[PDB]
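Engineer: Experimental coordinates for this protein are included below, preceded by the sequence.
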Amino acid sequence: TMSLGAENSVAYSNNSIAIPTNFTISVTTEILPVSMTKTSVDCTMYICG
Amino acid sequence: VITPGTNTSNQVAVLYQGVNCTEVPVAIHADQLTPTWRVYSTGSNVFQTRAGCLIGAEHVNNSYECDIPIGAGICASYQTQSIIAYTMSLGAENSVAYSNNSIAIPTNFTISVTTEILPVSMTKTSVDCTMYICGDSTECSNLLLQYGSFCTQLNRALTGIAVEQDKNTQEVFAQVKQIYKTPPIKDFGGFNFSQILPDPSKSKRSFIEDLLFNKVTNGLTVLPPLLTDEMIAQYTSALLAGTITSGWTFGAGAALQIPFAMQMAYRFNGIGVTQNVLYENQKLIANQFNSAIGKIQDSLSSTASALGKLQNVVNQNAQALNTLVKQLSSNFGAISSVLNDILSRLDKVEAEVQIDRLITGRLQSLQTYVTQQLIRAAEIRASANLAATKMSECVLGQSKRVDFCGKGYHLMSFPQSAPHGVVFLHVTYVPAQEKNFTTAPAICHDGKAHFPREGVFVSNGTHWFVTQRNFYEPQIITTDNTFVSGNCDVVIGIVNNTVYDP
Amino acid sequence: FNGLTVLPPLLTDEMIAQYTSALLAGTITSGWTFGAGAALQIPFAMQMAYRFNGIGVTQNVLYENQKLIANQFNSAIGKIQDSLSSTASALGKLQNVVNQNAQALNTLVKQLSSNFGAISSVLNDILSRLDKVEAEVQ
Amino acid sequence: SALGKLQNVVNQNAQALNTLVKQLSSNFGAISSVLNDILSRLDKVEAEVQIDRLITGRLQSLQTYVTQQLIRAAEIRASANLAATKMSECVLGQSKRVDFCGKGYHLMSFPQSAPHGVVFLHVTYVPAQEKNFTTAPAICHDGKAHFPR
Amino acid sequence: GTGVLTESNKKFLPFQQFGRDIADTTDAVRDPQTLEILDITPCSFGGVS
Amino acid sequence: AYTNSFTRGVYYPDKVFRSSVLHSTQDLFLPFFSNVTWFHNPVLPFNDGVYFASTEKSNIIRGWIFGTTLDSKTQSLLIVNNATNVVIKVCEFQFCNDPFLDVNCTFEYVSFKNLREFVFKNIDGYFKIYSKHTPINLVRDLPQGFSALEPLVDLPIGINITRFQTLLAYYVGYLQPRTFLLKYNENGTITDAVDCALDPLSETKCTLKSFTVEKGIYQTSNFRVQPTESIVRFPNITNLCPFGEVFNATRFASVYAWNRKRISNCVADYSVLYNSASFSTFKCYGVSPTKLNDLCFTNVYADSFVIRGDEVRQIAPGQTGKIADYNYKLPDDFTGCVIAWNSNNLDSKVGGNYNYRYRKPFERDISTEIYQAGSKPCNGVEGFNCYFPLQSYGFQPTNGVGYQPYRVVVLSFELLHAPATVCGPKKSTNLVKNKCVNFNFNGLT
Ligand SMILES: *[C@@H]1O[C@H](CO)[C@@H](O[C@@H]2O[C@H](CO)[C@@H](O)[C@H](O)[C@H]2NC(C)=O)[C@H](O)[C@H]1NC(C)=O
Ligand SMILES: *[C@@H]1O[C@H](CO)[C@@H](O[C@@H]2O[C@H](CO)[C@@H](O)[C@H](O)[C@H]2NC(C)=O)[C@H](O)[C@H]1NC(C)=O
Ligand SMILES: *[C@@H]1O[C@H](CO)[C@@H](O[C@@H]2O[C@H](CO)[C@@H](O)[C@H](O)[C@H]2NC(C)=O)[C@H](O)[C@H]1NC(C)=O
Ligand SMILES: *[C@@H]1O[C@H](CO)[C@@H](O[C@@H]2O[C@H](CO)[C@@H](O)[C@H](O)[C@H]2NC(C)=O)[C@H](O)[C@H]1NC(C)=O
Ligand SMILES: *[C@@H]1O[C@H](CO)[C@@H](O[C@@H]2O[C@H](CO)[C@@H](O)[C@H](O)[C@H]2NC(C)=O)[C@H](O)[C@H]1NC(C)=O
Ligand SMILES: *[C@@H]1O[C@H](CO)[C@@H](O)[C@H](O)[C@H]1NC(C)=O
Ligand SMILES: *[C@@H]1O[C@H](CO)[C@@H](O)[C@H](O)[C@H]1NC(C)=O
Ligand SMILES: *[C@@H]1O[C@H](CO)[C@@H](O)[C@H](O)[C@H]1NC(C)=O
Ligand SMILES: *[C@@H]1O[C@H](CO)[C@@H](O)[C@H](O)[C@H]1NC(C)=O
Ligand SMILES: *[C@@H]1O[C@H](CO)[C@@H](O)[C@H](O)[C@H]1NC(C)=O
Ligand SMILES: *[C@@H]1O[C@H](CO)[C@@H](O)[C@H](O)[C@H]1NC(C)=O
Ligand SMILES: *[C@@H]1O[C@H](CO)[C@@H](O)[C@H](O)[C@H]1NC(C)=O
Ligand SMILES: *[C@@H]1O[C@H](CO)[C@@H](O)[C@H](O)[C@H]1NC(C)=O
Ligand SMILES: *[C@@H]1O[C@H](CO)[C@@H](O)[C@H](O)[C@H]1NC(C)=O
Ligand SMILES: *[C@@H]1O[C@H](CO)[C@@H](O)[C@H](O)[C@H]1NC(C)=O
Ligand SMILES: *[C@@H]1O[C@H](CO)[C@@H](O)[C@H](O)[C@H]1NC(C)=O
Ligand SMILES: *[C@@H]1O[C@H](CO)[C@@H](O)[C@H](O)[C@H]1NC(C)=O
Ligand SMILES: *[C@@H]1O[C@H](CO)[C@@H](O)[C@H](O)[C@H]1NC(C)=O
Ligand SMILES: *[C@@H]1O[C@H](CO)[C@@H](O)[C@H](O)[C@H]1NC(C)=O
């Protein structure tokens, strides 16, 4: 059976806050397709040769 | 045929589209050669419209909102009773009270919760197209080989649709790295999420997710989705428990805890309302939220027709499969639609000619179904891309895009799962009780022209104040409220006043 | 016209123009406020001061230049009229909606003239010339 | 394994053209799928019956291809409209839309070209090394409530 | 047809001979030699992956 | 006397169990709220089939008789409830319609507060009966309410029933082909029905396949203005076509020098040809012979010759052989008719009739030049592989059938394109305008 992720109880209370004391710059790659291979088909030559 | 619903009345009106009323009773209808459309020379009244001749509806010179749309600006409705026809009204008229020195500022607000429903995935399906076309008959299956790749690229097409429905579902719900879970205590500053949080007595869905799951209601095979409804509900639970305990921070990094009344004070700064407005009104704001969530339970208890988008996905999948099965009974010009009749009544040389009509018609019927499924899946994918974007920008953030996360200035929103889709409970700030004031763009003091750093100048008629724009709260004008640029002469509509220097 | 029909829109063009009028009158008299609740009136030179803060230009820049900014706007709306009055091919996006639908219906009607291998493209020829057993094949 | 979106664009079009070519070998109910066999073996009145089966099958074969290409083109247009929007918002600006320009608070991004597509290198600030603190909504001084600016 | 014949609870009227599904597929029959009603199921099929 | 039928007379259309479902069906049904005739007996038409009912708790109404005559000359149904049984036979009965008290045979069979109702219909050569019995509270008109009739009998008898009569209060109505939507409950009974044609709401219910419809606007149908009258417009010619000058010409031509007659400016009647026993074959290509009298033509050309009976098969499009390849050819898209007959009773002579001879479409060639069949330039001299181009058919009265002379006529049709000049015998009407009409201009319907 697949695992959805690590279980985690956030340490919530009415007067506690967490603040980050450092950072990391992160570079992430995103790929997107933009165009197909352009085609033309001559149907007289495809159908009748 | 225009109908008030048979729930309501058996009266009807009939529209003959594009026809002229002088032709109608001289036709297939009434006093001429009449195939099946039996007599009503008038149903009670006859009325020409740009949409066509309308019979049995009563023309009215009033203009209501459009109840039943006829076309070309005409609508019909049931009223004091008879069916009436009228030119529709677009809305209430409002001349805004504009002048070059009058401003209206809201003195109070309402927290509003609105429900948005989005489809995310179709039912998955696959067809053994040899078993659909030929029914496990050997003589038919040998003829079907003459057609080549057709009954193989059909399965390649349906496989792409099926795999996409699991992608669509993962893009929306799997936006969380860890299964966050709620604290044992529920001290969220008086806000009450118990109706949208998971129920340990329940799958372990929320109370509102149980309403949403109740209200939506061969050779062919139907496949299971990859994520079960109990996995989908663990993702909506993790998104919701992260949102409540940590604000937006679980989307940008590791979840950082913050008290819920302080998270809402940040949501108020985000819409340009000064954060003391929340802490000074906290019990009122919490009551408006708790009350608004109560109305969602009532609205979803009252009718299933709220979820009409999700019920359309169910209905369209069923209608398409029923049509695909019914098309097995058709002749397509063949001697019988029953394949074993053709094989038993005729010699091979005649049977192969008659069977190829059934092969041709069933193959064309299946290509028609798969093309319609490809077109319908592209519409569901556009909706899953929108639901995945509303998850990131409304649930994991606070959107500043107008009307993206409901009407009013957006505070936050909460996901709830539903059959074949998702529901967002968009929470927004609506300003509610405006007063008129006199206003000026600047104030002139010792020749210096003063402008407010943030907010607007207003007067009650005798005194001048600076105030924030989205909630009336007047302050005395001081050198800490304003900034200076140049002298009085350049600015159109500047006024003389004192500016205090603390 | 061989069983082809065109249905009217629900909103007529004068109803669409009443909506664009209402949007535009709300925008001019009340700013963004009519989109988030009831419309709240505000002076137009003071609405533009908020639009300037929204782009990160300090609002005194508008009032110090109000007649220049007003003239640059009024002159820009002049160029729109000259552009549309000169150059109808600006609306090529809308005109292709008309042209694609006209090409589609003309092709659908022209295909009635095709034989598809029958004795005639005209159904009344077949029914006039051939007796039932022969006619059904055509 | 990363560029599998762009490699799938190549594979989808290659399978479509190879399926279209392979269907020239199918009989569709004719005596042969090679048109010169019919024309050399059968005299004209007999031959036309067989050729019309190949015409019908090859025409249905090509309509099936062009219809699936029209649906596939609309899918790539939606992706090109998203890539054009990502370039205006992420590259030419700094988008505040959550998770639009990568995970974390977006700083900027850079375009790189790839065959049939585009690649964005999204630079984001991710916060790290958190600590717990006690917190309060406001502070009392001389009987009056102070809030942080 | 081919199928799994089974015992059933269906309440045919005395003149009724067989039953049909919502899509007009036959799915029950009266046995002509002892007039009880049988329920018909397809013999199992599915993809192999 | 007439009565409103209400929602009476529905029956189970097929022997199929269905449950909790709405089924759309087309059958001969009694239309809802039709007029049903009332009686207190006459012979009546049967039409497409009958709904019959009576107030009965007594057996005063014993049965029914059916047939064409319902009397003596041919087989006819007698059906009687004699209180011991239903008694049936289909005999040629000669007995009168009064066997009851004052209160061959190719098939036979044996088996108020109340109303008894029946349907009789006769389809696919089988005679069918359906029935119901119920308590009621009105004798003078049919009960307004719903109750489906269930089958009794289904006889293989094939009789062409057109009349019937009652044997000694009762009601009669006629079935019509209609579409109904039937409501099957959880236990297999029809419990309600919609007659789809009754009104626009019933069309809406049948369009949606539902017994309730929501608030809205639904397209149920299409509308057309229908033709008020039928118009025929033909040229005003009365001259009859001279077909006797073709089919009864004294001498027919050779197949190598086939003769063409133009037929023009006349009214044809192809039935005068097609009804005739004179022709051994009669075949038409782009037209059926039964349709020819409806048509009109710019020209008609008769081409004619005598030829050997076994070769007559070559006088068609797409054929090949010596007569087709050297003497006479039809184009392969030929529109027209081919007619021939065995003419050994006229054309033959005891030495073999030397006058009849054989050697692009519609070519003719009478050239006398020698066939140079060999490599020799024969230069007008006959010998081995050098032969005169014509050969003669050996037509003698003793010839076997394939070797006998046959006379041939081919009619070629020039269709309507220019104004036409040879028409079938259609009577022209007056012309009507601005009204919708059916029309026929020279065969253009
Ligand atoms: C702002 O609006 C709220 C209602 O949305 C007002 O609250 C109500 O106040 C009256 C008394 O004036 C009470 O009877 C109601 O029970 C209150 N409703 C709730 C939900 O608390 C509030 O008074 C308004 N504030 C101002 C300054 O006008
Ligand atoms: C949060 O609100 C819910 C109602 O939406 C409260 O649940 C109800 O509580 C009352 C009083 O205890 C009961 O009579 C109802 O039967 C409860 N309804 C349901 C559906 O459980 C709930 O008590 C509130 N939570 C808190 C912490 O106040
Ligand atoms: C405009 O606002 C000022 C300040 O709130 C109002 O002046 C006060 O008026 C009340 C009586 O309504 C007096 O008790 C206070 O002493 C006044 N304060 C000052 C500093 O003058 C003024 O009344 C308001 N004007 C109108 C027309 O409402
Ligand atoms: C604001 O105050 C100044 C004075 O501080 C006003 O200036 C006077 O305007 C009148 C009329 O134009 C002149 O006759 C006086 O000579 C001006 N006095 C001075 C000292 O310059 C000014 O008009 C006031 N503005 C408004 C809008 O009332
Ligand atoms: C014109 O002359 C040519 C010869 O020069 C004729 O050709 C013959 O046509 C028939 C048509 O069925 C063929 O079977 C023969 O084989 C042809 N002969 C040769 C030697 O090729 C032609 O028929 C003439 N055309 C017309 C309209 O009279
Ligand atoms: C912040 O993180 C870097 C590594 O990313 C580390 O070298 C540095 O010492 C850290 N600084 C503090 C103050 O924790
Ligand atoms: C008619 O429909 C409305 C909702 O459209 C419903 O409130 C009403 O109760 C219905 N009437 C009946 C008799 O059920
Ligand atoms: C309707 O038809 C009549 C002729 O019968 C004509 O006079 C009238 O102008 C027509 N009206 C419309 C709106 O088409
Ligand atoms: C309705 O309007 C028409 C003109 O459009 C007018 O003739 C008629 O008198 C009006 N009737 C009422 C009751 O307003
Ligand atoms: C503002 O005042 C004008 C009259 O001066 C009035 O017509 C208008 O309705 C008022 N608007 C509001 C929002 O109170
Ligand atoms: C404000 O508007 C009124 C009426 O249009 C006009 O008389 C007055 O001069 C204007 N004042 C300013 C400062 O524009
Ligand atoms: C914050 O405190 C809680 C206990 O109060 C602890 O469970 C949690 O791990 C702490 N988090 C950090 C980042 O120190
Ligand atoms: C068929 O015959 C057997 C005895 O041979 C008998 O037990 C059974 O009940 C009969 N069934 C019917 C339907 O007549
Ligand atoms: C025919 O039936 C209708 C009811 O559909 C009734 O109104 C009418 O009077 C009847 N006509 C005759 C002549 O009985
Ligand atoms: C009814 O008919 C049967 C023959 O079909 C006969 O034997 C019987 O006696 C008859 N009964 C009466 C009461 O006439
Ligand atoms: C019996 O049938 C024959 C034909 O099969 C017919 O000639 C004869 O007249 C019939 N007799 C009676 C009494 O119907
Ligand atoms: C019924 O009529 C047809 C002619 O239409 C005839 O062929 C057939 O034999 C008749 N059958 C009976 C049993 O009368
Ligand atoms: C259906 O049949 C059962 C017995 O099988 C009976 O108890 C029930 O009342 C029937 N229901 C209807 C709606 O006729
Ligand atoms: C040919 O002559 C006979 C009488 O010798 C006649 O009956 C027949 O009708 C004639 N043929 C035609 C086509 O009229």
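Structural biologist: Yep, that arrived. Numbers count the residues shown, from 1 in each chain, chains lettered A, B, ... in the order given. Ligands and ions are numbered 1, 2, ... in the order given.

Engineer: correct me, but residue F:234 touches residue F:423?
Structural biologist: Yes: counting by C-beta atoms under 8 Å, residue F:234 touches residue F:423, with 5.5 Å between them. All C-beta spots, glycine's among them, are computed from the backbone N, C-alpha and C.

Engineer: between the two, what contacts are shared?
Structural biologist: Here residue F:234 and residue F:423 have F:296, F:442 as joint contacts, going by C-beta atoms under 8 Å, 6 or more residues apart in numbering or on different chains.

Engineer: Which one's more surrounded, those two?
Structural biologist: In terms of neighbours (other C-beta atoms under 10 Å in any protein chain shown), residue F:423 is the more surrounded of residue F:234 and residue F:423; the figures are 22 against 19.

Engineer: Burial check on the closest residue to that one other than its chain neighbours, number of neighbours?
Structural biologist: Counting by C-beta to C-beta, 6 or more residues apart in numbering or on different chains, the nearest residue to residue F:423 once its immediate chain neighbours are dropped is residue F:296, at 3.9 Å. Neighbour count of residue F:296, defined by other C-beta under 10 Å: 23.

Engineer: mind pulling up the phi and psi values for residue F:296?
Structural biologist: Backbone torsions for residue F:296, taken as degrees, to the nearest 10, come to phi -150, psi 150.

Engineer: Name all residues that make contact with it.
Structural biologist: F:234, F:235, F:416, F:420, F:422, F:423, F:424, F:426, F:442, F:443.

Engineer: all helices for chain C, in order.
Structural biologist: Assigned by DSSP state H, the helices in chain C fall at C:13-30, C:44-54, C:60-63, C:66-86, C:92-110, C:123-129, C:132-135.

Engineer: Could you report the distance from the residue of chain C found nearest chain A to residue F:343?
Structural biologist: Here chain C gets closest to chain A at one residue, residue C:117, 14.7 Å apart by C-beta to the nearest C-beta. Distance, residue C:117 to residue F:343, by C-beta to C-beta, to the nearest Å: 39 Å.

Engineer: Return the residues in contact with residue F:82.
Structural biologist: Shown in contact with residue F:82 (C-beta under 8 Å, 6+ apart): residue F:62.

Engineer: same question but for residue F:2, I mixed them up
Structural biologist: By C-beta under 8 Å, 6+ apart, the contact set of residue F:2 is F:35, F:36, F:37, F:38.

Engineer: do that again at 6 Å, thanks
Structural biologist: Residues near residue F:2 by C-beta atoms under 6 Å, 6 or more residues apart in numbering or on different chains: residue F:35.

Engineer: and what of the one 10 residues further on?
Structural biologist: By C-beta under 6 Å, 6+ apart, the residues touching residue F:12 are residue F:150.

Engineer: quick one: it from ligand 2, how far?
Structural biologist: Per C-beta to the nearest ligand atom, to the nearest Å, residue F:12 is found 51 Å from ligand 2.

Engineer: Residue 13 is in what secondary structure piece?
Structural biologist: Just so you know, I chose chain A. If you go by DSSP states H and E, residue A:13 is not part of any helix or strand.

Engineer: Closest approach to ligand 6 from chain E, which residue is it?
Structural biologist: Closest residue of chain E to ligand 6, C-beta to the nearest ligand atom: residue E:49 (45.5 Å).

Engineer: Give me the neighbour count for that residue.
Structural biologist: 3.

Engineer: How much space separates it from ligand 15?
Structural biologist: 69 Å.

Engineer: Also residue F:238?
Structural biologist: When residue F:238 is compared with ligand 15 (using C-beta to the nearest ligand atom), they lie 69 Å apart.

Engineer: Three-state assignment for that residue, please.
Structural biologist: Recorded secondary structure, residue F:238: coil (DSSP: H, G, I helix; E, B strand; the rest coil).

Engineer: I'd like to know how many residues surround it.
Structural biologist: 6.

Engineer: Skipping adjacent residues, who's closest to it in space?
Structural biologist: residue F:267 (6.6 Å).

Engineer: for chain A, longest strand please?
Structural biologist: strand A:16-33 (DSSP state E).

Engineer: elements contacting it?
Structural biologist: For strand A:16-33, the elements it packs on are helix D:4-22, helix D:44-86, strand D:117-134, judged by 3 or more C-beta pairs under 6 Å, 6 or more residues apart in numbering or on different chains; DSSP states H and E.

Engineer: Among the ones you listed, which comes closest to residue F:79?
Structural biologist: Residue F:79 sits nearest to helix D:44-86 of all these, at 56.6 Å, using C-beta to C-beta.

Engineer: How about that closest one and ligand 5, touching?
Structural biologist: No: shown here: helix D:44-86 not in contact with ligand 5 (C-beta under 6 Å from any ligand atom), separated by at least 13.6 Å.

Engineer: I'd like to check the angle between that helix and helix B:348-390, please.
Structural biologist: 10 degrees (axes from the mean of the first three to the mean of the last three C-alpha atoms, to 10 degrees).

Engineer: Distance of the residue in chain C that ligand 1 sits nearest to relative to residue B:160?
Structural biologist: Of all residues in chain C, residue C:37 sits closest to ligand 1, with a separation of 13.6 Å (C-beta to the nearest ligand atom). From residue C:37 over to residue B:160 the distance is 46 Å, taken as C-beta to C-beta.

Engineer: Looking at those two, which is more packed in?
Structural biologist: Shown here are residue C:37 and residue B:160; by other C-beta under 10 Å, residue C:37 has more neighbours (21 against 12).

Engineer: close enough to count as contact, the more buried one and residue B:430?
Structural biologist: Yes: at 5.2 Å, residue C:37 counts as touching residue B:430 under the criterion of C-beta atoms under 6 Å.

Engineer: and the gap between the residue minimising distance to the centre of chain C and residue F:417?
Structural biologist: Note on chain C: the residue nearest the mean C-alpha position is residue C:94, at 5.9 Å, using C-alpha atoms, centre = their mean. Separation of residue C:94 from residue F:417 (C-beta to C-beta): 45 Å.

Engineer: do the same with residue F:271
Structural biologist: With C-beta to C-beta as the criterion, residue F:271 and residue F:417 are 25 Å apart.

Engineer: do residue F:275 as well
Structural biologist: Residue F:275 is 30 Å from residue F:417, by C-beta to C-beta.

Engineer: Could you do residue C:71 as well?
Structural biologist: 73 Å.
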